2 protein chains.
Amino acid sequence: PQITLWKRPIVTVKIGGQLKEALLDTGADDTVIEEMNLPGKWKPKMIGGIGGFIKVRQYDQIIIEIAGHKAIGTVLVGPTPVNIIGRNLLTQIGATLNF
Amino acid sequence: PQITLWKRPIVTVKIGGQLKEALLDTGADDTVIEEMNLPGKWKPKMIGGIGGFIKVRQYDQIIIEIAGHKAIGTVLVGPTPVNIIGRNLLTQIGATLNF
Ligand SMILES: COC(=O)N[C@H](C(=O)N[C@@H](Cc1ccccc1)[C@@H](O)CN(Cc1ccc(-c2ccccn2)cc1)NC(=O)[C@@H](NC(=O)OC)C(C)(C)C)C(C)(C)C
């Protein structure tokens, strides 16, 4: 599909058995999902955005479907204001920026 | 151009006549550039992201060239971690996400 940027590029994703809305974000190295009680082992991480760093839990090998496209990779879980799909997963669904 | 996302989508821009590197950022509402001297009138603004909010100078109707493509719009100048081109200018250069 093609997504214009007149509005936030938000699509439905499936993760951990739940559907969520998430922002397709070329400016994000990582994928950051709002607090959810995901199963399994995780690793402490801190990630930096415009205003500073936040603490998140790093889950690896997480299955995530993005707008119908299956992917698997690292998902960070923590107190983010918005669900963010980052380049680590955007590459897996073959996304590009075009102009 | 078509730009893939294995690396950060950084391009060269020209603002105030000065060359800078900037991140093409579909997850940013606004364009935010590192502190610099910029010709034009400005007013105080605050913007937020991961980590919270920062104070910026809002410059309106600023001429900026992005990878050879012309835009004239709002540029926020402040202590951003990296130079960011947001949707307000991405739409001007006709950028879309595709997969
Ligand atoms: C290498 O670090 C990163 O990649 N950091 C990423 C990051 O912060 N991405 C930023 C760009 C960036 C890159 C490197 C250092 C600092 C900033 C954006 O791609 C995503 N971020 C993610 C984000 C998007 C929306 C919101 C939000 C909050 C309340 C209501 C609506 N939206 C908060 C954070 N967007 C914003 O912060 C934008 N915010 C915005 O458009 O606000 C409306 C700005 C920029 C215009 C301030 C993540 C933490 C998400 C992984």
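Hydrogens, waters and symmetry mates are skipped; everything else that's a heavy atom, side chains included, is used. Chain A is the first sequence line, chain B the second, and so forth, proteins listed ahead of strands; every chain is numbered from 1.
One side chain, A:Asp60 or A:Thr74, offers a donor N or O that lies under 3.5 Å from an acceptor on the other. Counted by atom type alone, B:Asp30 and B:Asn88 present zero donor-acceptor pairs between their side chains at under 3.5 Å.
Of the listed residues A:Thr26, A:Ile66, A:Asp25, the one with more heavy-atom pairs under 4.5 angstrom with chain B than any other is A:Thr26. Ranking A:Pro1, A:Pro9, A:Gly86, A:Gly94 against chain B, the residue ahead of the rest is A:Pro1, based on heavy-atom pairs under 4.5 Å.
Interface remark: B:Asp29 contributes side-chain atoms only to the contact with chain A (heavy atom separation under 4.5 Å). Contact of B:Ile93 with chain A is made through backbone and side chain together, with heavy-atom distances under 4.5 Å. With a threshold of 4.5 angstrom between heavy atoms, B:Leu24 approaches chain A through its backbone and through its side chain.
Between atom CD1 of residue A:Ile85 and atom CD of residue A:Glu21 there is a gap of 10.5 Å, rounded to the nearest 0.5 Å. Note: A:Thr31 OG1 to A:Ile64 CD1 = 6.0 Å, rounded to the nearest 0.5 Å.
Within a 6.0 Å radius of NZ in A:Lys20, other residues, nucleotides and ligands contribute more than 12 heavy atoms. Within 6.0 Å of CD on A:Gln61 lie no more than 12 heavy atoms contributed by other residues, nucleotides or ligands.
Among residues 33-51 of chain B, the residues having any heavy atom closer than 4.5 Å to a heavy atom of chain A are, in sequence order, B:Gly48, B:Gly49, B:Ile50, B:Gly51.
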- Item | side chain to side chain contact (heavy atoms under 4.5 Å, CB included) assessment of A:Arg8 paired with B:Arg87 | CA-CA 8 Å; A:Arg8 294 172 182 158; B:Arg87 290 187 299 102; 3.5 Å; yes
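Pairing each heavy atom of B:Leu89 with each of B:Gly73, the nearest pair is CD2-CA, 4.0 Å.
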